[PDB]
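K.L.:
Structure provided below as structure tokens; questions to follow.
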Amino acid sequence: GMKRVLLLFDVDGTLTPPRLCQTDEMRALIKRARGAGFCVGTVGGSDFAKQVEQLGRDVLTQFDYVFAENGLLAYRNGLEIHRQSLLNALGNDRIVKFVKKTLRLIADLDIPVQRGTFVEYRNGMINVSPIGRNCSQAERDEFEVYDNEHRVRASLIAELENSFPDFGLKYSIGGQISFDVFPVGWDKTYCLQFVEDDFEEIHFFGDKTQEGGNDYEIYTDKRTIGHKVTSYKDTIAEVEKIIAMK
Ligand SMILES: [Mg+2]
């Protein structure tokens, strides 16, 4: 029967090659785990659209749980089970204050490329991109390199932290071009409230598992058995072992 065991995965770098679609062997492994009685889930700091892009249009069919924006938008077997609102935690006046400041800081930057969708208001979070989410893949690659050198995202977060220390927001770098901003506690552990009562074990797999990494809280949550991975191949090999010990 069903194992009452959830396998919860990061997307980019955990289920996929870096900034690429999931491969055929990843899809096969997932189906084998599901075939063996495990539930499988995604969790990412990115939006649902991004998971569709890297995993497929039928992502809700492939996974038991899909947690976008850290579980601030949550799906269970095709059903939307939760959708949080940043207005609920922060409220209009503070949001407007925050996005205004962010826009000025971005406008002041001197980076080689800027495009569009610098401040993205999601469900329960705001995502902030110095270059803008509307840049091309090649532009993303180049901003990532640039940011490695010049730490543009870190400077920006530093300035935002100075402007708004009382806002109590967390700033979480992730992927090539942006960082997420959300209330303390709306990190990836947010999704666990939706599964904790339904599994005897929850295994988490991710790569950014240390202090300041966007997988730190969820890795170190007492509710999860953490598996630090460095690639989707690492993920596969560890899931093979979990399947073997059924
Ligand atoms: Mg844990």
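By order in the structure tokens, chains are A, B, ...; within a chain, residues start at 1; ligands start at 1, following the order shown.
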Quick one: contact table of chain A to ligand 1, 7 Å max, nearest atom pair and distance in Å to one decimal per residue, counting only C-alpha atoms and all ligand atoms, chain and number order, as a tab-separated table?

P.N.:
```
residue	atom	partner	partner_atom_place_in_ligand_line	distance
A:218	CA	ligand 1	1 (Mg)	6.2
A:219	CA	ligand 1	1 (Mg)	4.4
A:220	CA	ligand 1	1 (Mg)	3.9
A:221	CA	ligand 1	1 (Mg)	3.9
A:222	CA	ligand 1	1 (Mg)	4.7
A:223	CA	ligand 1	1 (Mg)	5.6
A:224	CA	ligand 1	1 (Mg)	3.7
A:225	CA	ligand 1	1 (Mg)	4.7
A:226	CA	ligand 1	1 (Mg)	4.8
```

K.L.:
Once you have the residues from the selection above, write them out as a compact mmCIF listing (two decimals), in the first residue's frame, restricted to N, CA, C and O atoms.

P.N.:
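Output saved as selection_11.txt:
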```txt
# COMPACT_ATOMS: atom_id res chain seq x y z
N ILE A 218 13.72 24.73 6.01
CA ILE A 218 12.98 23.50 5.71
C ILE A 218 13.86 22.25 5.91
O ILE A 218 13.43 21.27 6.53
N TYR A 219 15.13 22.34 5.51
CA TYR A 219 16.08 21.29 5.85
C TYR A 219 16.15 21.00 7.38
O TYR A 219 16.11 19.81 7.83
N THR A 220 16.30 22.07 8.17
CA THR A 220 16.54 21.97 9.61
C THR A 220 15.26 21.88 10.44
O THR A 220 15.34 21.86 11.66
N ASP A 221 14.11 21.83 9.78
CA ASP A 221 12.82 21.75 10.49
C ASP A 221 12.74 20.36 11.07
O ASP A 221 13.06 19.39 10.39
N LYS A 222 12.36 20.26 12.34
CA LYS A 222 12.27 18.97 13.01
C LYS A 222 11.27 18.02 12.36
O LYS A 222 11.25 16.82 12.68
N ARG A 223 10.45 18.54 11.46
CA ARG A 223 9.40 17.73 10.82
C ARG A 223 9.96 17.01 9.59
O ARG A 223 9.30 16.17 9.02
N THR A 224 11.18 17.36 9.18
CA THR A 224 11.71 16.83 7.89
C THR A 224 12.99 16.06 8.11
O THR A 224 13.77 16.40 9.00
N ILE A 225 13.17 14.99 7.35
CA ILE A 225 14.45 14.24 7.30
C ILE A 225 15.19 14.90 6.14
O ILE A 225 14.70 14.86 5.00
N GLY A 226 16.29 15.59 6.40
CA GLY A 226 16.90 16.45 5.35
C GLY A 226 17.93 15.69 4.52
O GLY A 226 18.65 14.87 5.08
```

K.L.:
Which residues in stretch 7-233 of chain A does DSSP call helix (DSSP H, G or I)? List them as a VMD selection string.

P.N.:
chain A and resid 24 to 35 48 to 55 59 to 62 69 to 71 86 to 89 92 to 107 137 to 150 152 to 163 165 to 167 188 to 194 216 to 219 232 to 233

K.L.:
For stretch 172-180 of chain A, please output as a PDB file with N, CA, C and O atoms, in the first residue's frame all residues within 6 Å (counting only C-alpha atoms; exclusion window: fewer than 4 positions along the same chain).

P.N.:
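Below is the file that was written, result.pdb:
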```pdb
ATOM      1  N   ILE A 126       6.902  39.102  -2.611  1.00  0.00           N
ATOM      2  CA  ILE A 126       7.325  40.011  -3.647  1.00  0.00           C
ATOM      3  C   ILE A 126       8.669  39.467  -4.096  1.00  0.00           C
ATOM      4  O   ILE A 126       9.465  39.068  -3.269  1.00  0.00           O
ATOM      5  N   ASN A 127       8.873  39.419  -5.407  1.00  0.00           N
ATOM      6  CA  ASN A 127      10.161  38.999  -5.962  1.00  0.00           C
ATOM      7  C   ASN A 127      10.807  40.226  -6.617  1.00  0.00           C
ATOM      8  O   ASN A 127      10.156  40.992  -7.315  1.00  0.00           O
ATOM      9  N   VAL A 128      12.082  40.441  -6.335  1.00  0.00           N
ATOM     10  CA  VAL A 128      12.761  41.663  -6.772  1.00  0.00           C
ATOM     11  C   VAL A 128      13.968  41.301  -7.665  1.00  0.00           C
ATOM     12  O   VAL A 128      14.782  40.522  -7.262  1.00  0.00           O
ATOM     13  N   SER A 129      13.999  41.841  -8.891  1.00  0.00           N
ATOM     14  CA  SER A 129      15.053  41.550  -9.889  1.00  0.00           C
ATOM     15  C   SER A 129      15.723  42.838 -10.385  1.00  0.00           C
ATOM     16  O   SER A 129      15.083  43.658 -11.023  1.00  0.00           O
ATOM     17  N   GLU A 144      23.794  36.686 -13.708  1.00  0.00           N
ATOM     18  CA  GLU A 144      24.260  35.812 -12.632  1.00  0.00           C
ATOM     19  C   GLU A 144      25.789  35.964 -12.406  1.00  0.00           C
ATOM     20  O   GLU A 144      26.262  36.076 -11.253  1.00  0.00           O
TER      21      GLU A 144
END
```

K.L.:
Skipping near chain neighbours, those fewer than 5 positions away, what residues fall within 9 Å of residue A:65 using only C-alpha atoms, listed as a short mmCIF file (atom, residue, chain, number, x, y, z; two decimals) with N, CA and C atoms, in the first residue's frame?

P.N.:
```cif
data_model
loop_
_atom_site.label_atom_id
_atom_site.label_comp_id
_atom_site.auth_asym_id
_atom_site.auth_seq_id
_atom_site.Cartn_x
_atom_site.Cartn_y
_atom_site.Cartn_z
N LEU A 8 9.76 15.43 -0.63
CA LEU A 8 9.52 16.82 -0.96
C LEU A 8 10.77 17.37 -1.60
N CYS A 39 4.39 9.42 -1.67
CA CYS A 39 3.92 10.67 -2.22
C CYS A 39 5.11 11.55 -2.59
N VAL A 40 4.96 12.38 -3.61
CA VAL A 40 6.05 13.26 -4.04
C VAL A 40 5.47 14.67 -4.13
N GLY A 41 6.33 15.65 -3.90
CA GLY A 41 5.90 17.03 -3.83
C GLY A 41 7.01 17.93 -4.32
N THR A 42 6.65 19.11 -4.84
CA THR A 42 7.65 20.11 -5.07
C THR A 42 7.52 21.22 -4.07
N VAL A 43 8.64 21.91 -3.84
CA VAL A 43 8.58 23.19 -3.15
C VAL A 43 9.60 24.17 -3.75
N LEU A 60 0.78 19.20 -12.09
CA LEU A 60 -0.19 18.79 -11.06
C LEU A 60 -0.54 17.29 -11.10
N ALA A 74 -0.64 26.50 -2.69
CA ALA A 74 -0.46 25.09 -2.44
C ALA A 74 -1.51 24.26 -3.17
N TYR A 75 -1.04 23.17 -3.75
CA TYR A 75 -1.89 22.19 -4.44
C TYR A 75 -1.70 20.79 -3.91
N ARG A 76 -2.82 20.08 -3.75
CA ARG A 76 -2.80 18.67 -3.41
C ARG A 76 -3.58 17.88 -4.47
N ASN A 77 -2.87 17.02 -5.18
CA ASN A 77 -3.43 16.21 -6.27
C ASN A 77 -4.39 17.00 -7.14
N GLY A 78 -3.92 18.14 -7.64
CA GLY A 78 -4.71 18.89 -8.60
C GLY A 78 -5.65 19.91 -7.97
N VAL A 195 1.00 19.26 5.15
CA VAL A 195 1.32 17.81 5.07
C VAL A 195 1.68 17.12 6.41
#
```

K.L.:
Quick one: pull the distance between atom CA of residue A:103 and atom CA of residue A:90, Å, one decimal.

P.N.:
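Answer for the atom CA of residue A:103 to atom CA of residue A:90 separation: 18.2 Å.
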
K.L.:
Applying 12 Å and only C-alpha atoms, which residues near residue A:140 remain after dropping the ones on its own chain fewer than 6 positions away? List them as number ranges by chain.

P.N.:
A: 19, 112-115, 129-134, 146-147, 175-178

K.L.:
Ranking A:145, A:99, A:28, A:135 by minimum distance to residue A:116 and counting only C-alpha atoms, which one comes first?

P.N.:
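The answer is A:135, which sits nearest to residue A:116.
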
K.L.:
Find the residues near residue A:15: any atom within 10 Å, counting only C-alpha atoms, skip ones fewer than 3 places away on the same chain, and give them as an MDAnalysis selection string.

P.N.:
chainID A and resid 9:12 18 20:23 26:27 30 42 54:55 205:206 231:236

K.L.:
Considering only C-alpha atoms, can you say which of A:98, A:199, A:38, A:204 comes closest to residue A:166?

P.N.:
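Using only C-alpha atoms, residue A:166 sits closest to A:98.
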
K.L.:
Could you go through stretch 50-102 of chain A and tell me which residues DSSP, when run on the backbone, assigns to strand (DSSP E), listing them as a list in words?

P.N.:
residues 65, 66, 67, 68, 73, 74, 75, 76, 79, 80, 81, 82 and 83 of chain A

K.L.:
Considering only C-alpha atoms, state which residue in the set A:59, A:105, A:202, A:169 is at the smallest distance from residue A:156.

P.N.:
A:105

K.L.:
Hey, what's within 10 Å of residue A:159 if we count only C-alpha atoms and toss same-chain stuff fewer than 4 positions away? As a list in words, please?

P.N.:
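Final neighbour list, sorted by chain and number: residues 101, 102, 105, 153, 154, 155, 163 and 164 of chain A.
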
K.L.:
The selected residues should be written to file as a CSV table (one decimal), in the first residue's frame (atoms: N, CA, C and O atoms).

P.N.:
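Once everything was written out, this is result.csv:
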```csv
chain,number,residue,atom,x,y,z
A,101,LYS,N,10.3,52.3,-2.6
A,101,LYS,CA,11.8,52.3,-2.3
A,101,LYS,C,12.6,51.4,-3.2
A,101,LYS,O,13.6,51.7,-3.7
A,102,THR,N,12.0,50.2,-3.4
A,102,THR,CA,12.7,49.2,-4.2
A,102,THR,C,12.8,49.7,-5.7
A,102,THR,O,13.9,49.6,-6.3
A,105,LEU,N,15.7,52.3,-5.8
A,105,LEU,CA,17.0,51.6,-5.7
A,105,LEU,C,17.4,51.0,-7.0
A,105,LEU,O,18.6,51.1,-7.5
A,153,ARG,N,22.5,42.0,-5.9
A,153,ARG,CA,21.4,41.6,-5.1
A,153,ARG,C,21.6,41.8,-3.6
A,153,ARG,O,20.7,42.2,-2.9
A,154,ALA,N,22.8,41.5,-3.2
A,154,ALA,CA,23.2,41.7,-1.7
A,154,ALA,C,23.1,43.1,-1.3
A,154,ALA,O,22.6,43.5,-0.2
A,155,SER,N,23.7,44.0,-2.1
A,155,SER,CA,23.7,45.5,-1.9
A,155,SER,C,22.2,46.0,-1.8
A,155,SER,O,21.9,46.8,-0.9
A,163,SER,N,16.4,50.4,5.2
A,163,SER,CA,15.2,51.2,5.1
A,163,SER,C,14.0,50.7,5.9
A,163,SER,O,13.2,51.5,6.3
A,164,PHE,N,13.9,49.4,6.0
A,164,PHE,CA,12.7,48.8,6.6
A,164,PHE,C,13.0,47.7,7.7
A,164,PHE,O,12.3,46.7,7.7
```

K.L.:
What is the atom CA of residue A:110-atom CA of residue A:136 distance in Å, reported with one decimal?

P.N.:
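These atoms are spaced 18.8 Å apart.
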
K.L.:
Find the distance between atom CA of residue A:191 and atom CA of residue A:34 and write it in Å to one decimal.

P.N.:
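Distance reported for this atom pair: 20.0 Å.
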